[PDB]
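Quick notes on the structure that follows.
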């Protein structure tokens, strides 16, 4: 569930969120951040289990 | 995170490698819409 | 400083700089004051093609780092070159594709290191020790000469055996030779005859293509044989060089640690 949530947030984050005379603003690192969070949680779940 | 699923594996020096082409797109209005691309090949 | 192709250009370069103090305050340097530090140590400044090593300030070339085209990095000072990186781990991947039994194998420890700089591999055969020919002290030293500077340098030191000794050495060669008839000189000294003779050892010379040959004018008597390995442009992996610790770390310590753990 957390893996899906983080992947969904990463994908929803790459779309641009500033517009007008200024463009872009999306977080290019979001996919690596989500992969880092899900790997971070993996050690915690393996400890609990 | 490839552009248009431009990913292609390769074996180099007997090790598995991945090439994919990312595109970062940026757009804004100026009415006319401008666009910037920066194509970035990752290995 | 601005990048320039020659040290001769730094002699008048408009040197910018600043000072940093122990409390990490700073002050800009005056142009006169920067030009003092320039003129004392302009040789240590890097060139566009050659990277140099800095030194503590003073008031005979500098140490230098070359990135060879074959991938060997080495440090040079006068005639001496020493390797810095090792291409062992980049060649190991093929050995790893067939697993642990191949990583630890003998031929794996014989992956070649590409040669560093420009030079030729020469094999020297040390004659048997004899008291009449060599004297009571068994020491001998191999000296190189006429590379970089006329003054000779030691390249190997050993004890004379009753057997022959086979010694294979990388001999550096300069970008442009000092003498047209012989590009490098090697002579071996011992207790009986420590003094050098003008022609009394192997002289090496190189033509336009990469082949080296021994000058017939030179006298080989101090060597049982000298051979030039013109076909060889690499040498075995080095268990005494820089990465010697990591190589002993892997081939011997790791198996012994694992075997010891499995014992308990």
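Protein chains in written order, with the UniProt record's numbering: chain L, 2127 to 2175; chain A, 1152 to 1181, 1188 to 1200; chain H, 1250 to 1308, 1581 to 1785.
For every residue, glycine included, the Cβ atom is placed at its ideal position computed from N, Cα and C.
**OP:** Would you mind giving the Cβ-Cβ distance between residue 1745/H and residue 1648/H, rounded to the nearest angstrom? I have them listed as a contact below 8 Å.
**Re:** 4 Å
Subject >> Touching by the beta-carbon criterion (3+ pairs, under 8 Å), the region 1606 to 1622 of chain H and the region 1659 to 1675 of chain H >> reply: no
Original post:
Which parts of the region 1664 to 1740 of chain H are runs of the beta strand (DSSP E), unbroken and 3 residues or longer, counting only runs that do not cross its ends?
Top reply: Runs found: 1674 to 1680, 1686 to 1693, 1705 to 1711, 1724 to 1727 and 1733 to 1735.
Subject >> Spatial distance of residue 2141/L from residue 2152/L (CA atoms) >> reply: 6 Å
Original post:
Are the region 1598 to 1617 of chain H and the region 1759 to 1768 of chain H touching by the rule of at least three beta carbon pairs closer than 8 Å?
Top reply: yes
**OP:** Could you name the residues of the same chain whose beta carbon sits closer than 6 Å to that of residue 1287/H, not counting the 5 residues immediately before and after it, in chain order?
**Re:** 1264
Original post:
So, is residue 1710/H buried or exposed, given that buried needs 16 or more other C-beta atoms within 10 angstroms?
Top reply: buried
**OP:** Might you give, ordered along the chain, the residues of its own chain that have their beta carbon closer than 7 Å to the beta carbon of residue 1691/H, omitting 5 neighbours on each side?
**Re:** 1636, 1640, 1642 and 1756
**OP:** Out of 1258/H, 1740/H and 1727/H, point me to the one whose CA is closest to residue 1719/H's CA.
**Re:** 1740/H
**OP:** Anything in chain A within Cβ reach of residue 2167/L, meaning under 9 Å, just list it in chain order.
**Re:** Going along chain A, no residue has its Cβ under 9 Å from residue 2167/L, so there is no contact; the nearest lies around 21 Å.
Original post:
Going along the region 1677 to 1702 of chain H in order, which residues come within less than 7 Å of chain A, judged by CB to CB distance?
Top reply: From the region 1677 to 1702 of chain H, no residue has a Cβ closer than 7 Å to chain A.
**OP:** May I ask you to list, following chain order, the residues of the region 1616 to 1636 of chain H that have a beta carbon less than 7 Å from some beta carbon of chain A?
**Re:** 1618
Subject >> Pairwise C-alpha distance: residue 2135/L and residue 2167/L >> reply: 16 Å
Original post:
Within 7 Å (strictly less), CB to CB, does residue 1707/H reach chain A?
Top reply: no
Original post:
Roughly how far, in whole angstroms, is the beta-carbon of residue 1673/H from the beta-carbon of residue 1665/H, given that I think they are within contact range, below 8 Å?
Top reply: 7 Å
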